[PDB]
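Chemist: Sharing a structure below in structure tokens format, with a few things to ask.
Residue numbers (mature numbering (1 follows the signal peptide of the UniProt record, and there is no 0)): 1 to 130.
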């Protein structure tokens, strides 16, 4: 599923993401926007290390979910990577929360550092009623 902007903002708010571990909804929107264009079925294989990024947040198989084909990988979210490809994003959200419970927080995603950090991210949630 490819979410429309405001639809996703409200979906994330309903799932408890607004201010989760200090991260505003607009930061999560900026992250989803740049990671996948709000696309839950997006996948990205990383030839260099044999891992794959899954879903709307492009969560990596090396540490977060199990896809069985990533060498010496772990599954910190304790989910099959398939769960990160559903139209319903509850599991992907549960996993993104797990990710940010670690020290780095939202900084875990380099795309967030490149396109969201220290930027005016208000536009991602404007007019969405969140």
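Every residue, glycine too, gets a C-beta built ideally from N, C-alpha and C.
1) By a C-beta neighbour count over all protein chains shown, 10 Å radius and 16 as the cutoff for buried, is residue 82 buried or exposed?
2) Got a sec, what are the start and stop residues for the alpha helix (DSSP H) residue 114 sits in?
3) Can at least three beta-carbon pairs, one atom from the segment 98-114 and one from the segment 29-36, be found at a separation below 8 angstroms?
4) What are the start and end residues of each continuous beta strand (DSSP E) run of 3 or more residues lying completely inside the segment 15-93, in chain order?
5) Short check: CB of residue 116 to CB of residue 6, under 9 angstroms?
6) Enumerate in chain order the residues of its own chain whose CB-to-CB distance from residue 50 is below 7 angstroms, with the five nearest sequence positions on each side excluded.
7) Per the DSSP calculation, residue 2 is bridged to which residue(s)?
8) Among 15, 2 and 27, which residue has its Cα nearest to the Cα of residue 107?
9) Can you grab the Cα-Cα spacing for the pair residue 101 / residue 121, in whole Å?
Modeler: Reading it off the structure:
1) Position 82 of the chain shown, counted from the first residue, corresponds to residue 82. Around the beta carbon of residue 82, fewer than 16 other beta carbons sit within 10 angstroms, so the residue counts as exposed.
2) As a working note, residue 114 is residue 114 in the chain shown. Looking at the DSSP string, the run of the alpha helix (DSSP H) that includes residue 114 is 110-115.
3) They touch, by the three-pair rule.
4) As summarised for the segment 15-93, the continuous beta strand (DSSP E) elements at least 3 residues long and confined to that stretch are 43-46 and 51-54, given in chain order.
5) The count along the chain shown starts at 1 and reaches residue 116 at position 116. The count along the chain shown starts at 1 and reaches residue 6 at position 6. Cβ atoms of residue 116 and residue 6: not closer than 9 angstroms.
6) Locating residue 50 in the chain shown gives position 50, where the first residue counts as 1. Closer than 7 angstroms at the Cβ level, and outside the excluded window around residue 50, lie 70 and 71.
7) Walking along the chain shown from the start, residue 2 turns up at place 2. 39, per the DSSP bridge assignment.
8) Here residue 107 is taken as the residue at index 107 of the chain shown, counted from 1. Distances from the alpha-carbon of residue 107 to those of 15, 2 and 27 put 27 closest.
9) What you label residue 101 is simply residue 101 of the chain shown in a count that begins at 1. What you label residue 121 is simply residue 121 of the chain shown in a count that begins at 1. Approximately 22 angstroms, taken between the alpha carbons.
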